[PDB]
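Peer 1: A single structure is presented below for examination.
Since every read-out is calculated from the coordinates, none of them should be taken as a lab result. Note that we place each Cβ from the backbone using ideal geometry, even for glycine, and neighbour counts take in every protein chain shown.
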Amino acid sequence: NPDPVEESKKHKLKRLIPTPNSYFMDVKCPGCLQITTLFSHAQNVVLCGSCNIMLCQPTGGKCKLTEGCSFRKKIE
Amino acid sequence: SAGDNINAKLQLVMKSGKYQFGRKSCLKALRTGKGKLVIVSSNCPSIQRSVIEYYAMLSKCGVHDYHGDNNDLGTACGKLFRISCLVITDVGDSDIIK
Amino acid sequence: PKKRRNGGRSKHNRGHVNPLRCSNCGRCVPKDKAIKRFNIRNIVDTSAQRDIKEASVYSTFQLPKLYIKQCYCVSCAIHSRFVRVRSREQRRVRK
Amino acid sequence: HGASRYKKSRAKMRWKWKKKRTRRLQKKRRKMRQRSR
Amino acid sequence: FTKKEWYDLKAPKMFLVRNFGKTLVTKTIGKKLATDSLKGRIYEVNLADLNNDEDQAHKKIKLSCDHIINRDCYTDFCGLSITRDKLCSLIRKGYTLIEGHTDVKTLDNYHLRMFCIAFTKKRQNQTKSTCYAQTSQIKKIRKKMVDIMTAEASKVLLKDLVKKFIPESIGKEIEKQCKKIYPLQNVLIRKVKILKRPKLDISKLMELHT
Amino acid sequence: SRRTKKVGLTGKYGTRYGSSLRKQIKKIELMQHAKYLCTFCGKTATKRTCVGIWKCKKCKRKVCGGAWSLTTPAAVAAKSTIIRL
Amino acid sequence: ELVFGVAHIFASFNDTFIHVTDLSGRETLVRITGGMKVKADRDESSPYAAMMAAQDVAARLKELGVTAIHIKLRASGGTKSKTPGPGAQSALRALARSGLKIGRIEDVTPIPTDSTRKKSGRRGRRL
Amino acid sequence: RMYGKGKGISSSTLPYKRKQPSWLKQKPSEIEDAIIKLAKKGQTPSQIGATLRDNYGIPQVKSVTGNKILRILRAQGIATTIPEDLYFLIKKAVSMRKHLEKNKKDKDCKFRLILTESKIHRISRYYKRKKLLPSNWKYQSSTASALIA
Amino acid sequence: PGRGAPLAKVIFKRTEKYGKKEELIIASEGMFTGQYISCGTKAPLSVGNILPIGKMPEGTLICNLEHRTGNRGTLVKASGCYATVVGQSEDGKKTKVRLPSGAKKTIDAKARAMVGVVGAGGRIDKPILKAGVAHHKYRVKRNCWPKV
RNA sequence: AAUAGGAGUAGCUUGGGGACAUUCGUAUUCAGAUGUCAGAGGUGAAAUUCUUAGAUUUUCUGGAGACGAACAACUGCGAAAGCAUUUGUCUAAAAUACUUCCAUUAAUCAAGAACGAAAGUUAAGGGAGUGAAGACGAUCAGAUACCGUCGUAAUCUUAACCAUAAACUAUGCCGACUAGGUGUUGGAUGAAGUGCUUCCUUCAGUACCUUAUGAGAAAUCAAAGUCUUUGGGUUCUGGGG
């Protein structure tokens, strides 16, 4: 009955209603501790602000961050 | 790839710098110190290349060898006549100078 | 007609393939169609092997095996009874 | 006839040979025209 | 016929048995002094039949005839080959062969060529019958294998390099390096050929021999 | 307007001689008078002045070359082989 | 004490060659074919012919004085066939029976890495 | 797909919420300035939007600002004479031709040259129908490097 | 006027007297006016240099072989020819080369040759269309024609 | 901002896609050695053939062209023809992922064009093996054939042509909708074996099995279905022998 099926979330991008599986993330760097806006699925290198040390390594999936760091979802 | 990167930078310079190409302009630019960077095609007659290199070295600016040939450096600078040597005398907002 | 769904050969997603040549008559045959038998064969019989072991040094001697792999064309394969005729319904049977 | 030549259900002589025989005949006619004209 | 004469075949110091047979050689008459006919021929010795150890039975060594005194031939190292049955046995479909090779030179200035084979391993969570690696991966594995072998070969004197071949060190090293990128299985050196041996010194050859 | 359907450069020979012979000449002559690019300057001015001798008009400089071209393929392969070492 | 020679056995679907030699290859001991021992102008492939040939070479080799043999088998070749011919088994059996000591046995059949084009047409031998 | 085979459903698609999301507090003026700077320093518009999204943290400039990025670039006057997509296609054509000029035997590269050349003509025809290209512009095999300079 | 290959005017500076002396070398293809030409045992393998055959790497293409040493070049001089070096003996001293006819020959190592193919390649590709061209060809050679 | 389209960006994405350079292996063959001694090749049976001036066979050096097995599949890539050794360089490609850009740019297409197996042609090299022609020996009442031995042209590279092939999924191409299960090659998402590995979910390739109160003249077909309940768009083609 495809009007309002709740557990359809698992289907491919292009469902009953479009919805991105991509979001923005509030991230901070271990030992430097400044807030940064960042994109889950970022496509080019991502630096920490005070001294440019890499944060996230881009690669063609969801992107792999670094071993460190802590991440809130930045959805309102 | 490295050459292509130079060519892209050069394309920016061509669009928004101040530049001049040809022997006499090159000599005046270096002599003045107006020049910031000299870009020389491989083909160039040896004696002229040598003089430009010496002048540039003397007036303390870089000389950079262009990967291809005289026509190609001209088409890279958007012109339909071969070029041999050009002097950037003011960079555009480009990453060229480093 | 159109007896064989895949024409007795494994061609899909491929325009062309190499011929290999039939070992028992030399004819050309496409590798996707050819009847391949990885015949593992011993250099001699058992009673021969027994006599060789008896004769041999070492006493832990072991006879060497033969590694061949023979490719047959359709005519040869059916003639020397590698592949039986079978029956119309059972033509998709294998293993 | 039409494009699908061959098909030997009828038992007619080999299509390729018929083609070879006819190609030879055509050559000979073409040669004769060359002498005449 | 009647004019032949036996000569004993000795092998260098590292091998255990060091008497791998007797060879007959034709007539002693001038101007062809028999020694010349004896010199330069080549011997395929099974490696097991040289140590007395059947775990090396799928390897054979080439030993070349290079120096003679009277009744004795002492020989030099000439190459290393795998027995064709063993090579076939390793090959079974659903696994994928990887073959490297390269040219390399010794500290002694022998130029050699090495042919190195390597097979994939299934490992336990895989299930699925086929185990083939990505082509990009096999290319990386092949380069890595070539790199290890040329580095290992280049280092030492020839006698030690040959000695290294005997308990098969090279394969173990190749497997350990490649494990991170892909699991491997029975990794051997299929063939070794000497390409350009340096000019002979009887002194050095015998001193190595004793 | 378009003078010949085929012949071009070899039209000077006229109705004389074999067509096949003329065709072979046509290929070599098209190659022969072709202006090569001069790798001593970047102009397309290199011409043949005599059997093996190729002058650039702009550079006033003589390149030694083939019979019918600035570069024969044999020489090009040899040159590359040397370069590689 | 013991001494080894190398017994090259070539079986083709005609002849079964027994050619035993010195350990270096170079320098023969006895070449004796299979065709030698039978006047039939067939049956150079035969087990029987091969058996006769084997016993005589074994007898001669014992007279000569090398006691024992390594066997190097060879089937025809990549340009014709990879199958060891019929009499090869017979020759091996006869040699073991004879009383010589039977050392390492190896296949050195000449295989082609490639596939250089073999004789008979694309449509192969039609016999 | 336009040429070859295969549908290829790779795509990327905006959420249902089409307003500015509350978390981003940057105002239009700052973002306008930033976009202009990136272009001026030499970057191509598709890259500028992507670069802006990741580095500066703005998804969907059309929600955070009143106007699409090509339009604002044009409004501030800085936008390229040849449209971006056409320009890159011409670049691809020039490179391909350079290879073919050196090497005359590559059948696939020549097949691709015909295919790409046709694609340029189709896109060019659309740009002529708009007023984003000069009417007497044409593209030629000869001119191609020089053309896009 | 004799041969298809052009001749190359080469200047050296004398080794026991002041000033410049001119020789005539036969030109390799791809060489040019204002090129520096080097001759000798230590000369680098590069086109149009003159080197002893003993110092070639194998499979190089050469011309101007001296059939025996010091003879100033006597094999491989006609247009578009070359020889190939095919081998160096283990004790050195001799070298093995291939003349363009199809024979293999063995020469002394210290014999000269010139790196690169002889100039004016492909000369007999072009057909001689008319009799007068043949007349002009023989006119600068030798009276030997028309044949009869 | 079209599960339309194009363009972009990203990943130690992918692959026997293309091109050029490059490199190695093996047999076969030639030449040079080497030891042997009578037959060896050849077959349904045999002969023609080759062999005491040492064949066949043994092993080694050097040369040469050819091919690149095994691994290798109801596998991969290519518009299709087609494409399988090594590394490099130059190239293209598709999928995926993408809160990146453009905003209908499209679909199929008479005209015209690009590529287009194999043979054949023209020209230079090149020439191992194979081998239309041809020559013999056989087989047969006969054999211009099947079989055998030898053997030009062609086969290979370069440079032109030729424009056809049962050039075959004998299934035009684009678009929506239908029904399961078994797999498999390529990505991406989650969870569970020792960062990595696996499995789950899901795309795009791609086959198979079962099922068609679907279809078909049946064979059979997940398209040949959604059709006298006949019309989603379009190019081409056929009309008894």
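Peer 1: Quick one: A:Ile35 ticks every box in (1) within 25 Å of H:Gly49 (Cβ to Cβ); (2) in contact (Cβ under 8 Å) with a residue 12 or more places away in the chain except a single one, so which number is it?
Peer 2: Of (1) within 25 Å of H:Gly49 (Cβ to Cβ); (2) in contact (Cβ under 8 Å) with a residue 12 or more places away in the chain, only one is false for A:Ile35: (2).
Peer 1: When you scan segment E:26-49, how many residues do you find that are closer than 20 Å to E:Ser64 by Cβ, of a type outside the set (A, V, I, L, M, F, W, C) and more than 9 Å from RNA strand J (Cβ to nearest atom)?
Peer 2: 6
Peer 1: Still on this structure: Answer with yes or no whether I:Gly59 is touching a residue at least 12 places away in the same chain (Cβ under 8 Å), in contact with a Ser or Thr (Cβ under 8 Å, 6 or more places away or on another chain) and exposed (fewer than 11 other Cβ atoms within 10 Å of the Cβ).
Peer 2: So I:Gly59 passes the test.
Peer 1: Same structure again: Given F:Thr4, F:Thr44, which one is under 28 Å from I:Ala27 (Cα atoms) and more than 11 Å from the chain's Cα centre (by Cα)?
Peer 2: F:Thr44
Peer 1: Having 1 or more residues that are within 7 Å of RNA strand J (Cβ to nearest atom) and under 30 Å from E:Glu207 (Cβ atoms) is the bar; report the strands (runs of 3 or more DSSP E) wholly within segment E:74-153 that clear it.
Peer 2: Answer list for segment E:74-153: E:97-105, E:111-119.
Peer 1: Given the structure, is A:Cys48 more than 11 Å from every other protein chain (Cβ to nearest Cβ) and surrounded by 12 or more Cβ atoms within 10 Å (Cβ to Cβ)?
Peer 2: Considered against the rule, which asks whether it is more than 11 Å from every other protein chain (Cβ to nearest Cβ) and surrounded by 12 or more Cβ atoms within 10 Å (Cβ to Cβ), A:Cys48 comes out as yes.
Peer 1: Of the residues that make up segment E:25-46, is at least one crowded, with 19+ Cβ neighbours inside 10 Å and of a type in the set (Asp, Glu)?
Peer 2: Within segment E:25-46 (the criterion being crowded, with 19+ Cβ neighbours inside 10 Å and of a type in the set (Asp, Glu)), the answer is yes, since at least one residue qualifies.
Peer 1: Now for a different question. Which one of the conditions (1) on the phi < 0 side of the Ramachandran plot; (2) within 12 Å of another protein chain (Cβ to nearest Cβ); (3) part of a loop (DSSP other than H, G, I, E, B); (4) not hydrophobic (A, V, I, L, M, F, W, C) does E:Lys13 fail to meet, given that it meets all the rest?
Peer 2: E:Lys13 satisfies every listed condition except (2).
Residues checked against (1) farther than 30 Å from I:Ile37 by Cβ; (2) under 18 Å from the mean Cα position of the chain (by Cα):
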site	(1), (2)
I:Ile107	no, yes
I:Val117	no, yes
I:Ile124	no, no
I:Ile128	yes, no
I:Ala131	yes, no
I:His135	yes, no
I:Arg139	yes, no
I:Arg142	yes, no
I:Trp145	yes, no
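Peer 1: Also: Inside segment H:1-50, can you point out the residues that are within 11 Å of RNA strand J (Cβ to nearest atom) and closer than 30 Å to B:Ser94 by Cβ?
Peer 2: H:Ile35, H:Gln43, H:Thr44, H:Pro45, H:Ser46, H:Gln47, H:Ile48, H:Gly49, H:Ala50, listed by residue number.
Peer 1: Of the numbered conditions (1) within 14 Å of the chain's Cα centre (by Cα); (2) away from chain H (no Cβ under 11 Å); (3) not hydroxyl-bearing (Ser, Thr, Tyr), B:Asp72 satisfies every one except a single condition; which is it?
Peer 2: (2)
Peer 1: In segment G:12-21, which residues are over 30 Å from E:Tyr7 (Cα atoms) and either among the basic types (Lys, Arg) or near RNA strand J (Cβ under 6 Å from one of its atoms) (or both)?
Peer 2: G:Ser12, G:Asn14, G:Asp15
Peer 1: Next question, about the same structure. Which of (1) within 30 Å of E:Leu200 (Cβ to Cβ); (2) in a strand (DSSP E or B) is the odd one out, the single condition I:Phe12 does not satisfy?
Peer 2: (1)
Peer 1: Right, another one. I'd like the full set of residues that are within 11 Å of chain G (Cβ to nearest Cβ) and either loosely packed, with under 10 Cβ neighbours inside 10 Å or not in a strand (DSSP E or B) (or both), limited to segment C:2-25.
Peer 2: Listed by number, the residues that qualify are C:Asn18, C:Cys22, C:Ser23, C:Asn24, C:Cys25.
Peer 1: Take the residues in segment B:14-55 that are within 14 Å of chain H (Cβ to nearest Cβ) and touching a strand residue (DSSP E or B) at 6+ places or on another chain (Cβ under 6 Å), then tell me which one is farthest from RNA strand J (Cβ to nearest atom).
Peer 2: Here the residue is B:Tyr19.
Peer 1: Filtering segment C:52-67 down to residues that are in a helix (DSSP H, G or I) and under 30 Å from the mean Cα position of the chain (by Cα), which residue is surrounded by the most Cβ atoms within 10 Å (Cβ to Cβ)? Give the derivation first.
Peer 2: Our first condition is that a residue be in a helix (DSSP H, G or I); within segment C:52-67, this holds for C:52-55.
Restricting the remaining residues to those that are under 30 Å from the mean Cα position of the chain (by Cα) gives C:52-53.
Values: C:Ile52: 21, C:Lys53: 16.
The residue in question is C:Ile52.
Peer 1: If you go through segment B:52-71, how many residues are in contact (Cβ under 8 Å) with a residue 24 or more places away in the chain and in a helix (DSSP H, G or I)?
Peer 2: Total meeting the criteria: 5.
Peer 1: Report every pair of residues separated by at least 6 positions or lying on different chains whose Cβ atoms are under 8 Å apart, first residue within segment H:111-140 and in contact (Cβ under 8 Å) with a residue 24 or more places away in the chain, second within 11 Å of RNA strand J (Cβ to nearest atom) and hydroxyl-bearing (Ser, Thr, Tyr).
Peer 2: H:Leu115/H:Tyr3; H:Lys119/H:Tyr3; H:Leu133/H:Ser124; H:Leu133/H:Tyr127; H:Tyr139/H:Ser124
Peer 1: Then there is this: Quick check, is C:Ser59 in contact with a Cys (Cβ under 8 Å, 6 or more places away or on another chain) and hydroxyl-bearing (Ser, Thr, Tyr)?
Peer 2: On the way: in contact with a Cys (Cβ under 8 Å, 6 or more places away or on another chain): no; hydroxyl-bearing (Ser, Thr, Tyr): yes.
No.
Peer 1: If a residue has to be in contact with a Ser or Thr (Cβ under 6 Å, 6 or more places away or on another chain) and within 14 Å of chain F (Cβ to nearest Cβ) to count, how many in segment I:62-90 make the cut?
Peer 2: 1
Peer 1: I've got another one for you. Which is among the hydroxyl-bearing types (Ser, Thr, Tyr) and in contact with a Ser or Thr (Cβ under 8 Å, 6 or more places away or on another chain), of E:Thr26, E:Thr35?
Peer 2: Details: E:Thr35 fails: in contact with a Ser or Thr (Cβ under 8 Å, 6 or more places away or on another chain).
Only one candidate qualifies: E:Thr26.
Peer 1: Would you pick out the residues in segment E:50-62 that are farther than 15 Å from E:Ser89 by Cβ and in contact with a strand residue (DSSP E or B) (Cβ under 7 Å, 6 or more places away or on another chain)?
Peer 2: Within segment E:50-62, E:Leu50, E:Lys60, E:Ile61, E:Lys62 meet the criteria.
Peer 1: Moving on. Test of understanding: among G:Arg97, G:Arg74, which residue is facing chain C (nearest Cβ under 10 Å) and of a type in the set (D, E, K, R)?
Peer 2: Numbers: G:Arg74 fails: facing chain C (nearest Cβ under 10 Å).
Step by step, each of G:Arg97, G:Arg74 is checked, and only G:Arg97 is facing chain C (nearest Cβ under 10 Å) and of a type in the set (D, E, K, R).
Peer 1: Right, something else. Applying the selection to segment H:62-103, what residues are within 14 Å of chain A (Cβ to nearest Cβ) and either within 6 Å of RNA strand J (Cβ to nearest atom) or over 19 Å from H:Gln20 (Cβ atoms) (or both)?
Peer 2: none
Peer 1: If you check every pair at least six apart or on different chains, which have Cβ atoms under 7 Å apart with a residue in segment C:26-47 that is outside any loop (DSSP other than H, G, I, E, B) first and a residue that is more than 15 Å from RNA strand J (Cβ to nearest atom) second?
Peer 2: C:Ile35/C:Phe82; C:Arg37/C:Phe82; C:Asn42/C:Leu63
Peer 1: Within segment E:56-65, track down each residue that is away from chain C (no Cβ under 14 Å) and either surrounded by fewer than 19 Cβ atoms within 10 Å (Cβ to Cβ) or within 11 Å of RNA strand J (Cβ to nearest atom) (or both).
Peer 2: The answer is E:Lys62, E:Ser64, E:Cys65.
Table: residues versus (1) within 14 Å of chain E (Cβ to nearest Cβ); (2) more than 8 Å from RNA strand J (Cβ to nearest atom); (3) crowded, with 20+ Cβ neighbours inside 10 Å.
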{"position": "G:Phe10", "(1), (2), (3)": "no, no, yes"}
{"position": "G:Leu23", "(1), (2), (3)": "yes, yes, yes"}
{"position": "G:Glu27", "(1), (2), (3)": "yes, no, no"}
{"position": "G:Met36", "(1), (2), (3)": "no, no, no"}
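Peer 1: Within the set of pairs 6+ apart or on separate chains, which have a first residue in segment E:149-170 that is at positive phi, a second that is of a type in the set (D, E, K, R), and C-beta atoms under 9 Å apart?
Peer 2: Correct list of pairs: E:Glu168/E:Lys59.
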